[PDB]
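Student: My complex, part one, positions kept as in the full thing:
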Amino acid sequence: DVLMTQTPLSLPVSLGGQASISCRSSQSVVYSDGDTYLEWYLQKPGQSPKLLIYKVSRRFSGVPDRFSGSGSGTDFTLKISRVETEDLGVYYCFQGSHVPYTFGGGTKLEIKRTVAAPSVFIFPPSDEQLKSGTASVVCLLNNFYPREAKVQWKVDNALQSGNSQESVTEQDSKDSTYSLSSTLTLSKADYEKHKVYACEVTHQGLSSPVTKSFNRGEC
Amino acid sequence: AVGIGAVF
């Protein structure tokens, strides 16, 4: 009913830099008591939302000086100065002046840091899983930046397609890297039909693509 | 926020 429109949807910022998030209410959010109950909340990956700013510019206890809120009436702005890795998350404005209370749509902070090449690890299927009739081969790309990365599977040196799923973590709160898993799933029959399994990884931080590989029965 | 009960 009172509509809160937050911009931008995603905000790249270099570490140690300054980020600016803006939020505009469709109507005034000054309450009859004179105050403006405009709050900024942060939701970090895997956690509950947490309060940063209340009453456009006042800082919840424990919230560093680097976070400062401002604005008036229709237009509000949260400023993060000297951004640190821990500031990663989705920032939301919120009006608590007129029922029904409403959140902005959120701004996902994206921290820019130096290039970091992935460490690459490969895991053959466990004997226990092989008893079950399926084989999962896991390739792990650990702690890399930036996020773009290419992972290709080769079985007996033949490129694979359609039989792998990958998943990527959020930016790490301590070092702003990503990690990625790529899981090649095969029937046990298909797995026992071939010998060589290889994960090939291309990433900007690597002078050339890295391949990790093993033989069925080796480990 | 104000609270839905604050005016009572």
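Tutor: Looks like it arrived, so ask away. Residues are numbered from 1 along each chain as shown, chains lettered A, B, ... in the order given.
Student: which phi and psi does the residue nearest to the spatial centre of chain A have?
Tutor: Residue closest to the average C-alpha location in chain A (Cα atoms, centre = their mean): residue A:170, at 2.5 Å. Main-chain dihedrals, residue A:170, degrees, to the nearest 10: phi -70, psi 160.
Student: mind listing what residue A:111 touches?
Tutor: By Cβ atoms under 8 Å, 6 or more residues apart in numbering or on different chains, the contact set of residue A:111 is A:12, A:13, A:14, A:15, A:83, A:85, A:87, A:88, A:171, A:176. For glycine as for every other residue, the C-beta is placed from the backbone atoms N, C-alpha and C.
Student: Show me which of the residues you listed are buried.
Tutor: Neighbour counting with 16 or more other Cβ atoms under 10 Å in any protein chain shown marks A:13, A:83, A:87, A:88, A:171, A:176 as buried within the contacts of residue A:111.
Student: nearest spatial neighbour of the residue in chain A positioned nearest to chain B, skipping sequence neighbours?
Tutor: As assessed by Cβ to the nearest Cβ, chain B sits closest to residue A:96 within chain A, at 2.2 Å. With Cβ to Cβ, 6 or more residues apart in numbering or on different chains as the measure, residue B:1 is the residue that lies nearest to residue A:96, at 2.2 Å, once sequence neighbours are left out.
Student: didn't the one you found look like it was pressed against residue A:99?
Tutor: No - with contact defined as Cβ atoms under 8 Å, residue B:1 does not reach residue A:99; the gap is 9.0 Å.
Student: Of these two, which one has the most company?
Tutor: residue B:1 (16 against 12; other Cβ atoms under 10 Å in any protein chain shown).
Student: show me the contacts for that one.
Tutor: With Cβ under 8 Å, 6+ apart, residue B:1 has these contacts: A:37, A:39, A:94, A:95, A:96, A:97, A:101.
Student: among the residues you listed, who's most crowded?
Tutor: residue A:95 (26 neighbours).
Student: Quick check: it vs residue A:22, distance?
Tutor: 14 Å (Cβ to Cβ, to the nearest Å).
Student: which residues of chain A fall in helices?
Tutor: A:127-132, A:188-192 (DSSP state H).
Student: would TSV of those helices with distance to chain B and mean neighbour count be doable?
Tutor: What follows is those, written out as TSV (distance: least, Cβ to the nearest Cβ, whole Å; neighbours: other Cβ atoms under 10 Å in any protein chain shown):
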stretch	distance to chain B	mean neighbour count
helix A:127-132	51	10
helix A:188-192	57	14
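Student: include chain C too:
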Amino acid sequence: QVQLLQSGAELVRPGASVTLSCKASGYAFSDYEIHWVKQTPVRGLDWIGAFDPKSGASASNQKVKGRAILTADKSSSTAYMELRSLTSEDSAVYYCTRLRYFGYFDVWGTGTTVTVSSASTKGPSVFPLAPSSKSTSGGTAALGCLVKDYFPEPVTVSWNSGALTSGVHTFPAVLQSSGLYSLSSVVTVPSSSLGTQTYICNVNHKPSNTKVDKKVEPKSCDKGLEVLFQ
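Tutor: Same chains as before, plus chain C:
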């Protein structure tokens, strides 16, 4: 020690109802309203409604009107939200949070993952991702646990009953074509610790009451038999 306790997860059929509970402690229950906030990846945070135990008033947002009933039991310090005629649009994490008049949302529950689905609950299979030279690079070894074919979300994974947190990555679950979820949890450790430290992953899938502690043991590789393409 103010806290708000919510159940971790509820699987509910489409067209049925769910009852969410928020059990407060560490403060005087009547001095704070309880508000309900729906979280999803794309639609963000969504103020659902509120109940004030002092005045007894309630309110809810326009979209959920007619389907949401907010109440509270002061004697047992517990607020409730009942939501009826559920569809998959209602699948989300629902948080409760507290609010003193003219205050702010300073304390939050940890959220109830509600999944609206007609599929049944299924506990996971847990398989080791054994450390070996193929998962060692330099002085760092990687190891983990594959948590396969469970429904619904979420699952928790800890390492060594929570004593091991540094270097842990638990990946987002992926919905397989089977309709079941799978996830991996990995951790990097010093490779010299492989011969001397025991590593256990603690997997907990509460919706199915499945608790698994899997010891992940190192494996030796016989590099002599390896055939390579380079």
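Student: same question on the contacts of residue B:1, but with chain C included?
Tutor: A:37, A:39, A:94, A:95, A:96, A:97, A:101, C:35, C:99, C:103, C:104, C:105.
Student: ok, and the closest non-adjacent residue to the residue nearest to the centre of chain A?
Tutor: That would be residue A:45: by Cβ to Cβ, 6+ apart, it lies 3.9 Å from residue A:170.
Student: Residue C:226 too?
Tutor: residue A:215 (5.0 Å).
Student: just residue C:46 next, same as before
Tutor: residue C:38 (4.1 Å).
Student: Quick check, that neighbour in contact with residue C:60.
Tutor: No - contact criterion Cβ under 8 Å: residue C:38 and residue C:60 do not qualify, at 11.2 Å.
Student: tell me the secondary structure for the residue in chain B positioned nearest to chain A?
Tutor: With Cβ to the nearest Cβ as the measure, residue B:1 is the residue of chain B nearest to chain A, at 2.2 Å. Assigned with DSSP: H, G, I helix; E, B strand; the rest coil, residue B:1 falls in the coil class.
Student: The strand or helix carrying residue C:204 and chain A in contact?
Tutor: According to DSSP states H and E, residue C:204 maps onto strand C:200-205. No - judged by Cβ under 8 Å from any Cβ of the partner chain, strand C:200-205 stays clear of chain A, getting no closer than 12.7 Å.
Student: Name the strands paired with that strand and say parallel or antiparallel.
Tutor: strand C:156-159 (antiparallel), strand C:210-215 (antiparallel) (DSSP bridges).
Student: hmm, back to that, count of neighbours near the residue nearest to residue A:170?
Tutor: 13.
Student: and the closest residue to residue A:150 other than its chain neighbours, what is it in contact with?
Tutor: In space, and not counting its chain neighbours, residue A:150 is closest to residue A:202: 4.2 Å by Cβ to Cβ, 6+ apart. Residue A:202 makes contacts with A:149, A:150, A:209, as judged by Cβ under 8 Å, 6+ apart.
Student: Identify the contacts common to residue C:38 and residue C:60.
Tutor: Joint contacts of residue C:38 and residue C:60 (Cβ under 8 Å, 6+ apart) are residue C:48.
Student: when you check the contacts of residue B:1 against the strands, which ones overlap?
Tutor: Judged by DSSP state E, those include A:39, A:94, A:95, C:35, C:99 as members of strands.
Student: Okay, and the beta partners of the residue nearest to residue C:46?
Tutor: residue C:46, residue C:94.
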